[PDB]
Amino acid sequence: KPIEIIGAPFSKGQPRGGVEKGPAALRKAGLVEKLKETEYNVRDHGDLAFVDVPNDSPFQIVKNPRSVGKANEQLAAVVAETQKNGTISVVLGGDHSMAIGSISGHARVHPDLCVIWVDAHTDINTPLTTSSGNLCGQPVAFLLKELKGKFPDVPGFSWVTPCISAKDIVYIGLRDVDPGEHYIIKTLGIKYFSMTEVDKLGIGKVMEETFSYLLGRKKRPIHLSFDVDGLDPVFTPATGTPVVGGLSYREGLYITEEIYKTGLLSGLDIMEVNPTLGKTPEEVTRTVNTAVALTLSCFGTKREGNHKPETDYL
């Protein structure tokens, strides 16, 4: 089972700029080379080139709707292709709106996939509930079937077909949810482990339950969309929306190690690393490093250590 890194240097999903530098920062830290040290075969598709849609007027409150919709349609095609060839796709963010194309493309090949969303946010605001027209906080809204027709068709997203049900997604790390978003997750019966559930159960029981909930009845492909801000700012400070009281570096790697062990990881998103948002240079390094470590963990790197087979190290 091969791995294919796909760079999504896109930031139109939010008002700030910088997140598009995420892929470069991750590559600069040797993400690709390090992944090749794992048991997986790695191919680098490179960074996608996003054609900016000229005169991309706001759709009501939604900002850059056509540009975000275009970039995502292109990502969806790329991901769908690698998924078709039977490889595991790894999208390096810019902003989380790219999860639309990533999950959409993944679903075209594995419609029965489930989603594990690690984030401090639900990113489930609809074009009608957002306070900011930022699409970075609306990904899940365009992806959920139960939300189809709950908001006006946004220009640039007509190609999107709701691919996952509220029952196939599980959030982990929630701690900054808007009223409308909270209304949506409760009304839709979405499974989640906000920081309070993590504190109560412990990351161990949490992963145990998310797997039982998403995989108990049937084993299907796992799509992990990891927003770096799901971890506490003390670990991933270089993000647009840091929120205190986050998952620890350890819980982050625990989540990933467990996902690796299921042997069902099919798609991965490493989003929101903004190299321009560090108070100091080492804060960026610290954020980039942990994102890289999380990715490596997803593909086998265990904290207890790793060693190559058929190798009598003695």
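Start at 1 and count along the sequence shown; that's the residue number.
Enquirer: Per the PDB record, is the mean Cα temperature factor higher over 272-280 or over 50-58?
Expert: According to the PDB entry, the answer is 50-58.
Enquirer: Which is higher in the entry, the mean Cα B factor of 250-258 or that of 64-72?
Expert: Averaged over C-alpha atoms, the B-factors run higher in 64-72.
Enquirer: So among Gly137, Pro162, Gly94, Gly204, who wins on Cα B-factor in the entry?
Expert: Within the set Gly137, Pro162, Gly94, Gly204, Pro162 shows the top C-alpha B-factor.
Enquirer: Just to confirm, going by the entry's C-alpha B-factors, which of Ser212, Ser102, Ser132, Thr239 comes out highest?
Expert: Checking the PDB record, the top C-alpha B-factor among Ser212, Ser102, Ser132, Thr239 is at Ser132.
Enquirer: Comparing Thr122 with the other modelled residues of its chain, is its CA B-factor in the lowest, middle or highest third?
Expert: Lowest third - that is where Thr122 ends up once the chain's C-alpha B-factors are sorted.
Enquirer: Check where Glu146 lands among this chain's C-alpha B-factors and tell me if it's the lowest, middle or highest third.
Expert: It belongs to the highest third of the chain when residues are ordered by C-alpha B-factor.
Enquirer: Could you tell me which third, lowest, middle or highest, the C-alpha B-factor of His182 occupies within its chain?
Expert: For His182, whose C-alpha B-factor we compare with every modelled residue in the chain, the answer is the middle third.
Enquirer: Comparing against every modelled residue in the chain, figure out the third that the C-alpha B-factor of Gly13 lands in (lowest, middle or highest).
Expert: Highest third - that is where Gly13 ends up once the chain's C-alpha B-factors are sorted.
Enquirer: Which third of the chain does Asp112 land in by C-alpha B-factor: lowest, middle or highest?
Expert: Within its chain, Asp112 is a middle-third residue by C-alpha B-factor, going by the deposited values.
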